[PDB]
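Whatever order the structure lists ligands and atoms in, that order sets their numbers, starting from 1. Count residues from 1 along the sequence. The figures that follow rest on heavy atoms only: side chains count, while hydrogens, waters and symmetry mates do not.
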Amino acid sequence: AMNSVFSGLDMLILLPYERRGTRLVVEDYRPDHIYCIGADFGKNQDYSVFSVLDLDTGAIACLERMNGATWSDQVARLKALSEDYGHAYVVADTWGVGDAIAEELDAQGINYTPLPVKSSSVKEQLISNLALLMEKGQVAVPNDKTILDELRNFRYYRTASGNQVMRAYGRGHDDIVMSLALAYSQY
Ligand SMILES: [Ca+2]
């Protein structure tokens with residue numbers, strides 16, 4: 001596609017995994033490594049995606065995805081992932097998530113840093129970083145067709161005034177794309 005964002009998809013490293021319910025587990029926790037978790041919440045009927053990145057290797061160790069999970073359940077699942085990966089810190093897109101998730105992150109003692117995806121400018125910085133790392137052969141994800149498809153279908157458009165926009169082709173989703181970009185913002 002002429003308007004592909006991820007022109008370096010050919011350099012994406014593809015990793016085998018075990019599906020454990022809502023998790024795709026590439027590898028279990030290694031305590032000599034430091035991890036973070038990109039978190040795109042399930043604000044309403046959209047998916048929540050939590051991407052555990054090994055910051056020593058640049059590889060996704062685990063990716064959890066679901067939709068329709070309660071807000072509290074999303075936070076509990078994030079807590080469990082964080083704890084599983086050595087109190088991995090969460091890079092949380094807190095923009096427009098609502099008071100309950102924001103309060104729950106603090107109330108539950110989640111190890112997190114806010115990265116609100118609050119404009120097209122912020123989004124472009126996150127995505128361009130992911131795209132560059134990808135072309136450089138530094139991005140490694142679970143070899144799952146849904147993940148690869150969501151990256152393949154992430155495209156450039158232009159607004160009425162001529163500003164750049166990045167979004168899913170057609171009527172698609174970008175929760176996986178954004179979760180991965182949030183994780184890799186730290187790499
Ligand atoms: Ca979402």
Participant: What N/O/S atom of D46 is the closest to the Ca ion (ligand 1)?
Facilitator: OD2
Participant: Quick check: does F41 put an N/O/S atom under 3.0 Å from the Ca ion (ligand 1)?
Facilitator: yes
Participant: Using atom types as modelled and distance alone, determine if a side-chain donor or acceptor of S179 lies under 3.5 Å from a backbone N or O of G38.
Facilitator: yes
Participant: Are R167 and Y157 in a cation-pi contact, defined as NZ or CZ under 6.0 Å from the six-membered ring centre and within 45° of the axis?
Facilitator: yes
Participant: Is the ring pair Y184/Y187 parallel, tilted or perpendicular, if the boundaries are 30 and 60 degrees?
Facilitator: perpendicular
Participant: Whether the side chain of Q108 engages the backbone of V75 through a donor-acceptor N/O pair (distance < 3.5 Å, no angle test) should be reported.
Facilitator: no
Participant: Report, as yes or no, whether the 6.0 Å neighbourhood of atom CD on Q125 holds more than 12 heavy atoms from other residues, nucleotides or ligands.
Facilitator: no
Participant: Measuring from the Ca ion (ligand 1), name the closest N, O or S atom belonging to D175.
Facilitator: OD1
Participant: Tell me which N, O or S atom from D40 is the closest to the Ca ion (ligand 1).
Facilitator: OD1
Participant: Just wondering, is there an N, O or S atom on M178 that's nearer than 3.0 Å to the Ca ion (ligand 1)?
Facilitator: no
